[PDB]
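Asks: Input file: data.pdb. Contents: PDB, C-alpha atoms.
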```pdb
ATOM      1  CA  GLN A   4       9.465 115.990 137.131  1.00  0.00           C
ATOM      2  CA  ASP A   5      10.592 116.554 133.562  1.00  0.00           C
ATOM      3  CA  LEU A   6      12.107 113.156 132.699  1.00  0.00           C
ATOM      4  CA  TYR A   7       8.657 111.645 133.212  1.00  0.00           C
ATOM      5  CA  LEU A   8       6.883 114.595 131.600  1.00  0.00           C
ATOM      6  CA  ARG A   9       9.077 114.368 128.498  1.00  0.00           C
ATOM      7  CA  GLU A  10       8.445 110.643 128.088  1.00  0.00           C
ATOM      8  CA  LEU A  11       4.786 111.423 128.764  1.00  0.00           C
ATOM      9  CA  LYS A  12       5.245 113.967 125.986  1.00  0.00           C
ATOM     10  CA  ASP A  13       6.977 111.200 124.022  1.00  0.00           C
ATOM     11  CA  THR A  14       3.763 109.191 124.407  1.00  0.00           C
ATOM     12  CA  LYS A  15       2.057 112.168 122.716  1.00  0.00           C
ATOM     13  CA  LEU A  16       4.389 112.175 119.684  1.00  0.00           C
ATOM     14  CA  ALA A  17       5.255 108.631 118.581  1.00  0.00           C
ATOM     15  CA  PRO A  18       2.054 106.742 119.554  1.00  0.00           C
ATOM     16  CA  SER A  19      -0.209 109.806 119.311  1.00  0.00           C
ATOM     17  CA  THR A  20      -0.468 109.251 115.548  1.00  0.00           C
ATOM     18  CA  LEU A  21      -0.538 105.466 116.041  1.00  0.00           C
ATOM     19  CA  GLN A  22      -3.857 104.989 117.852  1.00  0.00           C
ATOM     20  CA  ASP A  23      -4.567 108.269 119.655  1.00  0.00           C
ATOM     21  CA  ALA A  24      -4.849 109.923 116.229  1.00  0.00           C
ATOM     22  CA  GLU A  25      -4.909 108.539 112.694  1.00  0.00           C
ATOM     23  CA  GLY A  26      -1.820 110.184 111.222  1.00  0.00           C
ATOM     24  CA  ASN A  27      -0.526 106.745 110.151  1.00  0.00           C
ATOM     25  CA  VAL A  28       2.989 106.241 111.619  1.00  0.00           C
ATOM     26  CA  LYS A  29       6.345 107.940 111.019  1.00  0.00           C
ATOM     27  CA  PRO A  30       8.931 105.383 112.275  1.00  0.00           C
ATOM     28  CA  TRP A  31       7.344 102.436 110.448  1.00  0.00           C
ATOM     29  CA  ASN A  32       7.830 101.966 106.717  1.00  0.00           C
ATOM     30  CA  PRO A  33       4.782  99.667 106.365  1.00  0.00           C
ATOM     31  CA  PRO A  34       1.520 101.571 106.866  1.00  0.00           C
ATOM     32  CA  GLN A  35      -0.830 101.055 109.793  1.00  0.00           C
ATOM     33  CA  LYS A  36      -4.142 101.800 108.054  1.00  0.00           C
ATOM     34  CA  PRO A  37      -4.527  99.072 105.381  1.00  0.00           C
ATOM     35  CA  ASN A  38      -4.029  96.210 107.840  1.00  0.00           C
ATOM     36  CA  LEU A  39      -6.557  96.253 110.718  1.00  0.00           C
ATOM     37  CA  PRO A  40      -9.561  98.422 109.687  1.00  0.00           C
ATOM     38  CA  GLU A  41      -9.915  97.173 106.088  1.00  0.00           C
ATOM     39  CA  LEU A  42      -8.038  93.884 105.648  1.00  0.00           C
ATOM     40  CA  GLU A  43      -8.484  92.645 109.230  1.00  0.00           C
ATOM     41  CA  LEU A  44     -11.939  94.174 109.726  1.00  0.00           C
ATOM     42  CA  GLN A  45     -13.083  91.149 107.734  1.00  0.00           C
ATOM     43  CA  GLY A  46     -10.354  89.293 109.634  1.00  0.00           C
ATOM     44  CA  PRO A  47     -12.751  87.834 112.213  1.00  0.00           C
ATOM     45  CA  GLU A  48     -14.859  86.615 109.288  1.00  0.00           C
ATOM     46  CA  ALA A  49     -11.642  85.708 107.482  1.00  0.00           C
ATOM     47  CA  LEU A  50     -11.090  83.280 110.377  1.00  0.00           C
ATOM     48  CA  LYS A  51     -14.664  81.953 110.315  1.00  0.00           C
ATOM     49  CA  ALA A  52     -16.847  81.313 107.265  1.00  0.00           C
ATOM     50  CA  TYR A  53     -18.511  84.145 105.348  1.00  0.00           C
ATOM     51  CA  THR A  54     -21.900  84.515 103.588  1.00  0.00           C
ATOM     52  CA  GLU A  55     -23.061  81.235 105.163  1.00  0.00           C
ATOM     53  CA  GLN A  56     -22.808  81.573 108.952  1.00  0.00           C
ATOM     54  CA  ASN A  57     -22.056  85.276 109.447  1.00  0.00           C
ATOM     55  CA  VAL A  58     -25.091  85.987 107.298  1.00  0.00           C
ATOM     56  CA  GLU A  59     -26.205  82.930 109.356  1.00  0.00           C
ATOM     57  CA  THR A  60     -28.430  81.616 106.493  1.00  0.00           C
ATOM     58  CA  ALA A  61     -31.738  81.634 108.327  1.00  0.00           C
ATOM     59  CA  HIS A  62     -33.032  78.626 106.418  1.00  0.00           C
ATOM     60  CA  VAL A  63     -36.564  77.262 106.366  1.00  0.00           C
ATOM     61  CA  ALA A  64     -36.582  73.809 107.933  1.00  0.00           C
ATOM     62  CA  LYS A  65     -37.057  71.072 105.347  1.00  0.00           C
ATOM     63  CA  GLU A  66     -40.627  69.817 105.637  1.00  0.00           C
ATOM     64  CA  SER A  67     -41.258  66.117 106.252  1.00  0.00           C
ATOM     65  CA  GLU A  68     -44.612  64.584 105.343  1.00  0.00           C
ATOM     66  CA  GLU A  69     -46.696  61.735 106.750  1.00  0.00           C
ATOM     67  CA  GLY A  70     -46.863  58.232 105.269  1.00  0.00           C
ATOM     68  CA  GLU A  71     -48.049  59.652 101.920  1.00  0.00           C
ATOM     69  CA  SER A  72     -51.668  59.538 103.203  1.00  0.00           C
ATOM     70  CA  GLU A  73     -52.140  56.148 101.516  1.00  0.00           C
ATOM     71  CA  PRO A  74     -53.567  53.835 104.201  1.00  0.00           C
ATOM     72  CA  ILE A  75     -55.663  51.384 102.194  1.00  0.00           C
ATOM     73  CA  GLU A  76     -52.809  49.626 100.391  1.00  0.00           C
ATOM     74  CA  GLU A  77     -50.756  49.233 103.592  1.00  0.00           C
ATOM     75  CA  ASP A  78     -53.157  49.033 106.553  1.00  0.00           C
ATOM     76  CA  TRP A  79     -54.890  45.976 105.093  1.00  0.00           C
ATOM     77  CA  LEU A  80     -51.505  44.522 104.128  1.00  0.00           C
ATOM     78  CA  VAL A  81     -50.363  45.264 107.680  1.00  0.00           C
ATOM     79  CA  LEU A  82     -53.641  43.695 108.809  1.00  0.00           C
ATOM     80  CA  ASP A  83     -52.868  40.715 106.574  1.00  0.00           C
ATOM     81  CA  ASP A  84     -49.328  40.678 107.974  1.00  0.00           C
ATOM     82  CA  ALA A  85     -50.828  41.041 111.455  1.00  0.00           C
ATOM     83  CA  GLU A  86     -52.612  37.759 110.733  1.00  0.00           C
ATOM     84  CA  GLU A  87     -49.252  36.237 109.786  1.00  0.00           C
ATOM     85  CA  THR A  88     -47.594  37.473 112.983  1.00  0.00           C
ATOM     86  CA  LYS A  89     -50.418  36.423 115.312  1.00  0.00           C
ATOM     87  CA  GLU A  90     -50.297  32.896 113.925  1.00  0.00           C
ATOM     88  CA  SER A  91     -46.602  33.000 114.867  1.00  0.00           C
ATOM     89  CA  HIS A  92     -47.305  35.002 118.046  1.00  0.00           C
TER      90      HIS A  92
ATOM     91  CA  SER B  60     -21.945  96.100 124.644  1.00  0.00           C
ATOM     92  CA  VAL B  61     -18.869  93.916 125.206  1.00  0.00           C
ATOM     93  CA  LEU B  62     -17.954  94.744 121.587  1.00  0.00           C
ATOM     94  CA  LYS B  63     -16.937  98.390 121.109  1.00  0.00           C
ATOM     95  CA  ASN B  64     -16.626  97.729 117.355  1.00  0.00           C
ATOM     96  CA  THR B  65     -20.179  96.429 117.035  1.00  0.00           C
ATOM     97  CA  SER B  66     -20.960  97.188 113.376  1.00  0.00           C
ATOM     98  CA  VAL B  67     -22.759  93.858 112.799  1.00  0.00           C
ATOM     99  CA  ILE B  68     -24.730  92.993 115.933  1.00  0.00           C
ATOM    100  CA  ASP B  69     -27.647  95.288 115.112  1.00  0.00           C
ATOM    101  CA  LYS B  70     -27.709  93.653 111.681  1.00  0.00           C
ATOM    102  CA  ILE B  71     -27.440  90.259 113.388  1.00  0.00           C
ATOM    103  CA  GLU B  72     -30.025  91.232 116.013  1.00  0.00           C
ATOM    104  CA  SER B  73     -32.318  92.384 113.206  1.00  0.00           C
ATOM    105  CA  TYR B  74     -31.463  89.179 111.333  1.00  0.00           C
ATOM    106  CA  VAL B  75     -32.733  87.224 114.338  1.00  0.00           C
ATOM    107  CA  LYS B  76     -35.843  89.418 114.502  1.00  0.00           C
ATOM    108  CA  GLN B  77     -36.672  89.211 110.785  1.00  0.00           C
ATOM    109  CA  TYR B  78     -36.544  85.414 111.121  1.00  0.00           C
ATOM    110  CA  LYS B  79     -38.147  85.437 114.581  1.00  0.00           C
ATOM    111  CA  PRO B  80     -41.166  83.673 112.977  1.00  0.00           C
ATOM    112  CA  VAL B  81     -38.929  80.782 111.942  1.00  0.00           C
ATOM    113  CA  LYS B  82     -41.512  78.259 110.720  1.00  0.00           C
ATOM    114  CA  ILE B  83     -44.937  77.010 111.802  1.00  0.00           C
ATOM    115  CA  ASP B  84     -45.718  73.518 113.065  1.00  0.00           C
ATOM    116  CA  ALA B  85     -46.871  70.833 110.622  1.00  0.00           C
ATOM    117  CA  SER B  86     -50.171  69.385 111.848  1.00  0.00           C
ATOM    118  CA  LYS B  87     -50.881  68.017 108.377  1.00  0.00           C
ATOM    119  CA  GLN B  88     -52.021  64.577 109.570  1.00  0.00           C
ATOM    120  CA  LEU B  89     -55.782  64.976 109.959  1.00  0.00           C
ATOM    121  CA  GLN B  90     -57.040  62.418 107.401  1.00  0.00           C
ATOM    122  CA  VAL B  91     -54.541  59.535 107.394  1.00  0.00           C
ATOM    123  CA  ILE B  92     -53.753  59.430 111.135  1.00  0.00           C
ATOM    124  CA  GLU B  93     -57.381  58.641 111.972  1.00  0.00           C
ATOM    125  CA  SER B  94     -57.437  56.198 109.050  1.00  0.00           C
ATOM    126  CA  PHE B  95     -54.995  54.135 111.093  1.00  0.00           C
ATOM    127  CA  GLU B  96     -57.442  54.592 113.967  1.00  0.00           C
ATOM    128  CA  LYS B  97     -60.488  53.703 111.846  1.00  0.00           C
ATOM    129  CA  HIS B  98     -58.852  50.339 111.208  1.00  0.00           C
ATOM    130  CA  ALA B  99     -58.107  50.316 114.950  1.00  0.00           C
ATOM    131  CA  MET B 100     -61.787  50.725 115.862  1.00  0.00           C
ATOM    132  CA  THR B 101     -62.771  48.142 113.238  1.00  0.00           C
ATOM    133  CA  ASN B 102     -60.463  45.316 114.326  1.00  0.00           C
ATOM    134  CA  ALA B 103     -60.518  45.945 118.095  1.00  0.00           C
ATOM    135  CA  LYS B 104     -64.317  45.889 118.267  1.00  0.00           C
ATOM    136  CA  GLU B 105     -64.308  42.846 115.984  1.00  0.00           C
ATOM    137  CA  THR B 106     -61.974  41.200 118.498  1.00  0.00           C
ATOM    138  CA  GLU B 107     -63.830  42.501 121.558  1.00  0.00           C
ATOM    139  CA  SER B 108     -67.237  41.431 120.241  1.00  0.00           C
ATOM    140  CA  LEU B 109     -65.895  37.939 119.536  1.00  0.00           C
ATOM    141  CA  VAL B 110     -64.046  37.456 122.832  1.00  0.00           C
ATOM    142  CA  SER B 111     -66.990  38.823 124.828  1.00  0.00           C
ATOM    143  CA  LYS B 112     -69.317  36.392 123.050  1.00  0.00           C
ATOM    144  CA  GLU B 113     -66.911  33.453 123.282  1.00  0.00           C
ATOM    145  CA  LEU B 114     -66.057  33.873 126.976  1.00  0.00           C
ATOM    146  CA  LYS B 115     -69.717  33.382 127.903  1.00  0.00           C
ATOM    147  CA  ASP B 116     -70.304  30.842 125.117  1.00  0.00           C
TER     148      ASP B 116
END
```
What do you get writing this file as structure tokens?
Replies:
Amino acid sequence: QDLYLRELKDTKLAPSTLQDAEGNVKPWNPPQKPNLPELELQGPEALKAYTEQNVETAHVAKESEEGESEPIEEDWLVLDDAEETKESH
Amino acid sequence: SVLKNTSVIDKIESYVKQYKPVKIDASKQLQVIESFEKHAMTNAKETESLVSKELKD
């Protein structure tokens, strides 16, 4: 009946321009467009960090080297220190 | 597909794929690692030759 149809029609006048269409909004003085799709579109990345973890910064892992590939000055010293330990061992 | 406002996932999915070859392994130790071992062969066989001789001696 009509009293539901007219409020169903009312759903096709007041909120039809709200989200069903993009005719901004008549009852509201503040606009609907420059909040969610431009200011709050970056809103999720205005809550998290930008240009570091949304870009995600796929960074090359810092490379770690061996013991400088210099065995002679330490292996014999370790061998000399191994003599010291095994006397105490 | 849970996000109807995707707009970044394809970029993010591509961002994963462009960095899919993240970084290779580092098997750089092929000259110093055995140098620890070359001292290991030297001293162990020096010890083993001595103890084998001394146990019978």
Asks: I need the output of the PyMOL selection byres ((chain A) within 7 of (chain B)) for this file as a PDB file with C-alpha atoms, keeping the file's coordinate frame; which residues are they?
Replies:
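Result file is part01.pdb:
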```pdb
ATOM      1  CA  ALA A  61     -31.738  81.634 108.327  1.00  0.00           C
ATOM      2  CA  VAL A  63     -36.564  77.262 106.366  1.00  0.00           C
ATOM      3  CA  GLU A  69     -46.696  61.735 106.750  1.00  0.00           C
ATOM      4  CA  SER A  72     -51.668  59.538 103.203  1.00  0.00           C
ATOM      5  CA  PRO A  74     -53.567  53.835 104.201  1.00  0.00           C
TER       6      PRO A  74
END
```
Asks: Report, in Å to a single decimal, how far apart atom CA of residue 41 of chain A and atom CA of residue 28 of chain A are.
Replies: 16.7 Å
Asks: Taking all atoms of segment 38-41 of chain A that the file lists, what box with edges along x, y and z, padded by 6 Å per side, do you get, with centre and edge lengths in Å to one decimal, as JSON?
Replies:
```
{"center_x": -7.0, "center_y": 97.3, "center_z": 108.4, "size_x": 17.9, "size_y": 14.2, "size_z": 16.6}
```
Asks: Atom CA of residue 38 of chain A and atom CA of residue 58 of chain A, how far apart in Å?
Replies: 23.4 Å
Asks: What does the distance from atom CA of residue 49 of chain A to atom CA of residue 69 of chain B come to in Å, to one decimal?
Replies: 20.2 Å
Asks: Could you list, as number ranges by chain, every residue within 10 Å of segment 16-25 of chain A, counting all atoms listed in the file and ignoring same-chain residues fewer than 6 positions away?
Replies: A: 10, 35-36
